[PDB]
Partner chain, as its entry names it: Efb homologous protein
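As structure tokens, one chain now follows by itself in the form deposited without its partner chain.
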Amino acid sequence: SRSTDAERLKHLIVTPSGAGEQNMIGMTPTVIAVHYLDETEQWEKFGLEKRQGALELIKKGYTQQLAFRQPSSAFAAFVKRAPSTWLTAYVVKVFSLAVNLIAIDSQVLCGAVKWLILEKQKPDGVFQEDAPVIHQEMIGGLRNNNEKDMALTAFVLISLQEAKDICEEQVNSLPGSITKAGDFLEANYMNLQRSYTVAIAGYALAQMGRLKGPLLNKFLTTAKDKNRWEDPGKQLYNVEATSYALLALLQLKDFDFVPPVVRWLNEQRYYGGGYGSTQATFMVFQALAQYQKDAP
């Protein structure tokens, strides 16, 4: 319908290279672009022969990323560096989305999930970062360390819930960990003040069927003009938060609230790519592909 034309997304097919962080920076736009172009069925007018090429690129990225999978199944920029909670969760997120495009080894995905569960979850459900990434610009609105417990917990929990189908039978501790993280988010949701954290934790809670009552009312009334979730700061953070919130609304099946949000997102005319664009590029187009998939 209101699909973003494939030509405006040409620049998102990127050859990945670099170390454990830069390689993911290169992998993100290609994966999400193939995802969106598959969902919108634009490969015919854009060029079918190109798709295979992009797939190779994705595979390249995947293969290269395995050179930074530490024996613990965790990830860091270099194998000599302490593993990052955020980077491991983001690898899980990207690979869980990519399982439909290329062959993703369930061993790697579920090992990373198990490492997150056994090493980085606190006794009250909080996920903690002990070695932050070097590319602080690839983590989006997480770079603002305010409300970092809630925001990082929501991020890691979203990663866990997107890998649940692949890893459920392999990781026996996964549902309990998801439940603990959801308990923490639900207990501390109403005290949130950032629209970004509200949006991301609301997506995490809506995936669980826990965004309800006053929590749902706070999530909905946090939007500005009923079409965007924004905070004072970088506009890319607002784009990413609104993408998370659109995914939350889609999970809630509140199709009466969606049209203005998708309208605002399309009016932003953001086509991804560039320095500091990882989270925004991934999330806005994951959300728009999910909108094209569902929606009456």
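Residue numbers count along the first chain shown, from 1.
Just so it is clear, the following notes concern the form solved in complex with its partner chain, a form of the same protein that is not shown.
Colleague: My question is simply whether residue 235 lines the interface with its partner chain in the deposited complex - judged by any non-hydrogen atom within 4.5 Å.
Modeller: No, no contact at 4.5 Å.
Colleague: Residue 106 near its partner chain in the deposited complex, any heavy atom under 4.5 Å?
Modeller: Yes, contact at 4.5 Å.
Colleague: Does the 4.5 Å heavy atom contact test between residue 170 and its partner chain in the deposited complex come out positive?
Modeller: Residue-level check for residue 170: yes, a contact with its partner chain.
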